[PDB]
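Visitor: Experimental coordinates follow, after the sequence.
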Amino acid sequence: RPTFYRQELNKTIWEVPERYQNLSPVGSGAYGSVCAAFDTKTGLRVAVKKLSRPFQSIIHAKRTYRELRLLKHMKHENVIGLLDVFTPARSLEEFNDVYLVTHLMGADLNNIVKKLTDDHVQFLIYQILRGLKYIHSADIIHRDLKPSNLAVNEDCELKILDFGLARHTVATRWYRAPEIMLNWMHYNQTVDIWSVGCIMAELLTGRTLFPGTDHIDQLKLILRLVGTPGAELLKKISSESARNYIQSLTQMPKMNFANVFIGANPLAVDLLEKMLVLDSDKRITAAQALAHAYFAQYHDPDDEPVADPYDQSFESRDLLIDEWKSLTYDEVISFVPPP
Ligand SMILES: O=C(Nc1cc(Nc2ccc3c(c2)OCc2ccc(OCCN4CCOCC4)cc2C3=O)ccc1F)c1ccccc1
Ligand SMILES: CCCCCCCCO[C@@H]1O[C@H](CO)[C@@H](O)[C@H](O)[C@H]1O
Ligand SMILES: CCCCCCCCO[C@@H]1O[C@H](CO)[C@@H](O)[C@H](O)[C@H]1O
């Protein structure tokens, strides 16, 4: 067991092993805060996330376990990976803090918002899709893919995060598939493809594709581009609510993408058409997307791995805070560094 040292940073205390030196806030947002640090053991710059109030409620407790489980499972170059997980706690009894350690990338994608070259886009989107392929094959939907959940280093290497930064040391709806806002019962994986579509579009135009002021506005903007649902899509809408609002709207046609994405690489345009289909069953999957001609210079089908099966059974479990806590504690304890 390493030696820990305390340190007040933000308004919070960081009790980290000395192994990690020179902590400095990158900022924070939803569910914790992150410090850049130096890993004296690997010589590598790392990001250290301290979970905020990891066991506040059953919900936080479960969210903390879910993140630890997710992270411990993600073993892919385009997906945030766990270098280390530790807690000051010597025992389950005093376990109330969780620090997750990952590679410091140094930037996220709204950090290039203030138009990329087609080659940069191409490379970034490839990497997103490559990470998504992997994520999706573990039966995991990200559901919140947006620029801030995409960490990029100086080499333009990208890892998908689920904890984006909000405070650095301005809207989530802009990337969400339309179904997520019609509050659909069950989302499929290609909700994430839609967000990629939005992300790609934004990288090529330097403009937020659907900068909806709200969920109604958002949906209005989406339909403006992709046109109202055809009766084939309508057929699949159980929500009499949704179905009502939908077929009452302006019957917009699908725009010509080649015209909206003027002078974009027509390969990119074609991928965007594939990604930004309202009907999620008809959206290109991340795997299919990796094959698309747009990524010919990056696509390698023998190096686009899928994940080991991810045991998501816990998600349906309703447990006591101390059970989530103790399950998280077991996860912290069972953790084995990458080689
Ligand atoms: O990804 C999940 N959990 C999870 C997320 C993170 N999140 C990270 C990590 C890294 C980074 C980051 C967010 O934000 C983007 C960013 C922005 C700026 C920056 O450096 C800018 C400041 N520099 C410092 C050095 O150079 C001079 C100034 C670095 C980074 C960065 O590198 C960290 C650990 C986790 F554990 C998850 C997964 C599943 C479920 C729930 C959450
Ligand atoms: C490492 C990158 C993978 C991204 C984490 C995917 C999270 C998938 O897990 C999901 O999280 C949702 C919100 O996060 C919850 O509402 C869902 O119940 C849960 O299934
Ligand atoms: C104007 C609102 C139109 C939005 C239509 C969203 C349709 C997304 O696609 C739908 O996803 C469902 C699961 O999420 C699937 O079960 C359906 O097969 C698929 O049609």
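Guide: Structure received. Numbers count the residues shown, from 1 in each chain. Ligands and ions are numbered 1, 2, ... in the order given.

Visitor: Would you mind listing what in the stretch 151-300 of the chain touches ligand 3?
Guide: Along the stretch 151-300 of the chain, the residues adjacent to ligand 3 under the rule C-beta under 6 Å from any ligand atom are 178-179, 182, 184, 186-188, 219, 223, 229, 233, 236, 246, 278-281. C-beta coordinates here come from the backbone N, C-alpha and C atoms, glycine included.

Visitor: ok, of those, which come out buried?
Guide: 178-179, 182, 184, 187-188, 219, 223, 229, 233, 246, 278, 280 (16 or more other C-beta atoms under 10 Å).

Visitor: what two of those have the greatest distance between them?
Guide: 188 and 223 (19.6 Å; C-beta to C-beta).

Visitor: Give me the distance from the longest helix along the chain to the chain's centre.
Guide: Of all segments of type helix in the chain, defined using DSSP state H, the longest is helix 118-137. Centre-to-centre, helix 118-137 and its host chain are 12 Å apart (C-alpha atoms, centre = their mean, to the nearest Å).

Visitor: And that helix, what's buried?
Guide: 121-137.

Visitor: In CSV, list the C-alpha atoms belonging to it.
Guide: C-alpha atoms of helix 118-137 as CSV (Å, rounded to 0.1, in the frame of the first residue of the first chain):
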residue,chain,number,x,y,z
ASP,A,118,-10.6,17.2,-43.7
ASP,A,119,-7.7,15.1,-42.7
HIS,A,120,-7.9,16.0,-39.1
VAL,A,121,-11.7,15.5,-39.1
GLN,A,122,-11.2,12.2,-40.9
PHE,A,123,-8.7,11.1,-38.3
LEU,A,124,-10.8,12.2,-35.4
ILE,A,125,-14.0,10.7,-36.6
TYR,A,126,-12.2,7.5,-37.5
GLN,A,127,-10.9,7.3,-33.9
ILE,A,128,-14.4,8.1,-32.5
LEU,A,129,-16.0,5.3,-34.6
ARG,A,130,-13.2,3.0,-33.7
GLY,A,131,-13.8,3.6,-30.0
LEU,A,132,-17.5,3.4,-30.5
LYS,A,133,-17.2,0.1,-32.3
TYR,A,134,-15.4,-1.2,-29.4
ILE,A,135,-17.9,0.4,-26.8
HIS,A,136,-20.9,-0.8,-28.8
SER,A,137,-19.7,-4.3,-29.1
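
Visitor: what sits up against the host helix or strand of residue 273?
Guide: Assigned by DSSP states H and E, residue 273 belongs to helix 266-275. For helix 266-275, contacts defined as C-beta atoms under 8 Å, 6 or more residues apart in numbering pick out 118, 121-122, 125, 193-194, 196-197, 200-201, 204, 257-258, 261, 264, 283-284, 288-289, 292-294.

Visitor: Show me just the buried residues among those.
Guide: So, by 16+ other C-beta under 10 Å, the buried ones in the contacts of helix 266-275 are 121-122, 125, 193-194, 196-197, 200-201, 204, 257, 261, 264, 283-284, 289, 292, 294.

Visitor: Secondary structure element holding the nearest residue to residue 92 once chain neighbours are set aside?
Guide: Using C-beta to C-beta, 6 or more residues apart in numbering and skipping the chain neighbours, the partner closest in space to residue 92 is residue 329 (5.1 Å). Assigned by DSSP H and E, residue 329 belongs to helix 321-333.

Visitor: Check the gap between the closest residue to residue 226 other than its chain neighbours and residue 261 for me.
Guide: Spatial nearest neighbour of residue 226, excluding adjacent residues (C-beta to C-beta, 6+ apart): residue 278 at 5.2 Å. Applying C-beta to C-beta, to the nearest Å, the value for residue 278 to residue 261 is 18 Å.

Visitor: In contact with whatever residue of the stretch 201-339 of the chain ends up closest to ligand 3, which residues?
Guide: Ligand 3 sits closest to residue 280 of the stretch 201-339 of the chain, with a gap of 3.2 Å, by C-beta to the nearest ligand atom. For residue 280, the contact set (C-beta under 8 Å, 6+ apart) comprises 177, 179, 187-188, 190-191, 194.

Visitor: These in helices, which ones?
Guide: Counting by DSSP H, the contacts of residue 280 contribute 179, 191, 194 to helices.

Visitor: what's around the second one, how many residues?
Guide: By other C-beta atoms under 10 Å, 22 other residues sit near residue 191.

Visitor: Tally up the residues packed near the nearest residue to it once chain neighbours are set aside, please.
Guide: What sits nearest to residue 191 in space, not counting adjacent residues and going by C-beta to C-beta, 6+ apart, is residue 177, at 4.1 Å. Number of residues near residue 177 (other C-beta under 10 Å) recorded here: 25.
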